[PDB]
Every structure is written in C-alpha cells, then in structure tokens.
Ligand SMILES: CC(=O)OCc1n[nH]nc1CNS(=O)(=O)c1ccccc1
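Next comes just one chain, in structure tokens: the form deposited without the ligand.
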C-alpha cells in the first residue's frame, strides 16, 4: 500500500495517510545512477497544516503543495526542516514564496548557510543540547544528538503515536550505510538510544527514506551503523 518509486514519476509527489491527521509525503530524485525516494510528514494543525521537510527540490515542492491543495485542501502555514541537506531544505524558497513560514534550528540554519543551501527563515530555539525537546503545535521536536548529521531533529505526533525519524532512521530494506559524509558515526547509536528512551510508546516509525515500520527500525539503524563503523 505504501508508495514506492515504481508508482511515482519524477517530479510528482504522493501522499499517504498514516493515521488521523497525519500523512507522509513521498517524492523521488535521481542521484548518480539510481532513483531514490524520500519521505516527509504532514500533520493537521486545527484548520491548518504543519509540513515536515520539503519534497527535495523546487519542482518537487511546488508539486507537493499542489497535491496537498488538491487532496487535503487545508493551508500549509508552517514548515520545519529536520536537517540542513537538500532533501530537507531544497524547496524552502518555494514554500516561502507561497506564504509558508519556514523553520529550522539555528544549528541547521548555520550548516545550510555554510553548504550554500536554502535557509529556513525562522529559528527554533531550545534544541541545541542532546535530549532537548520543544513543542511545535501538534508535534514535539526532539534533538537526539548527532547522528546522520550534527543537527538532525526527529518529530513526534503525540495524538497519533507517530515518530518521524527523518534520515537518522533507516528503513529495514537498507542493510548498508547511506550518505554518511556529514554523520557522527561515534554518537549515532547513543542518539538513537535517546530516541528509544524518549518515545517508547511510538506505534509508527517513519524513516527519511523508504517504508514505515515500528520501533524496530531504531535497532535496525543501530545495527547498520555499527556494521559500517566496523
């Protein structure tokens, strides 16, 4: 039932309802040779919507907004990028031009600027130390520590028990480390354990790329990270 690359033409976006008032958005992008999918999240926020992460690029993200407008028909008022890479902030300029308030931690904004990437406008305070959590409307934002990147955030929807791990969490089908150029391999397992300890009640876990699962995706990711380390 969950959308794969097979069902998503390049430049198109699919939505998938995870639970009441929670959706994931799925887009595709061509890396050198292969095509990769990418997940973000949509969370109902009263009569508005909170967006988690772009659809990886300007065209994809405009397609994302059109697909939201068509299927849910509620306005996207805020967006949060969960780290500084292009599959998370690429398309921020498109969101901004459409009247969406874009948000990221100062850590993420700093690293985006150094990378020459798009920079979310607003800053999320209170997330600078590992284990920090802040409320953002219908979600909790959590900084577990450095993992896939030094700034990576995860997002929990308490009304639906949905944990969005972004790129700090691997899908089960991924049995080898991905792009770890900006990762902290030494801290990644410790950061995953912080997620485990903070959200032991999570029922759905969404990786940055690929199929949703349960909390076993956390142990999976630790397994793969330790194998890469060694």
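Residue numbers count along the first chain shown, from 1.
Omitted from view is the form solved in complex with the ligand, to which the following refers.
Item checked: Open or blocked, the ligand overlaid from its pose in the deposited complex onto this form, 2.4 Å backbone/C-beta test -> The pocket is blocked.
Item checked: The unique member of 174, 194, 44, 59 whose heavy atoms fall within 4.5 Å of the ligand in the deposited complex -> Looking at the other structure, the residue within range turns out to be 174.
Next item on the list: Could you work out which of 49, 167, 63, 162 is the residue within 4.5 angstroms of the ligand in the deposited complex, going by heavy atoms?
Entry: Residue within 4.5 Å of the partner: 167.
Next item on the list: From the candidate stretches 151-159, 67-75, 81-89, 123-131, select the single one in contact with the ligand in the deposited complex, where contact means a heavy atom within 4.5 Å.
Entry: The contacting stretch here is 81-89.
Next item on the list: Check whether residue 181 has any heavy atom within 4.5 Å of a heavy atom of the ligand in the deposited complex, and answer yes or no.
Entry: Flag for residue 181 set to yes.
Item checked: Proximity of residue 204 to the ligand in the deposited complex, heavy atoms at 4.5 Å -> No - in the deposited complex, heavy atoms of residue 204 and the ligand never come within 4.5 Å of each other.
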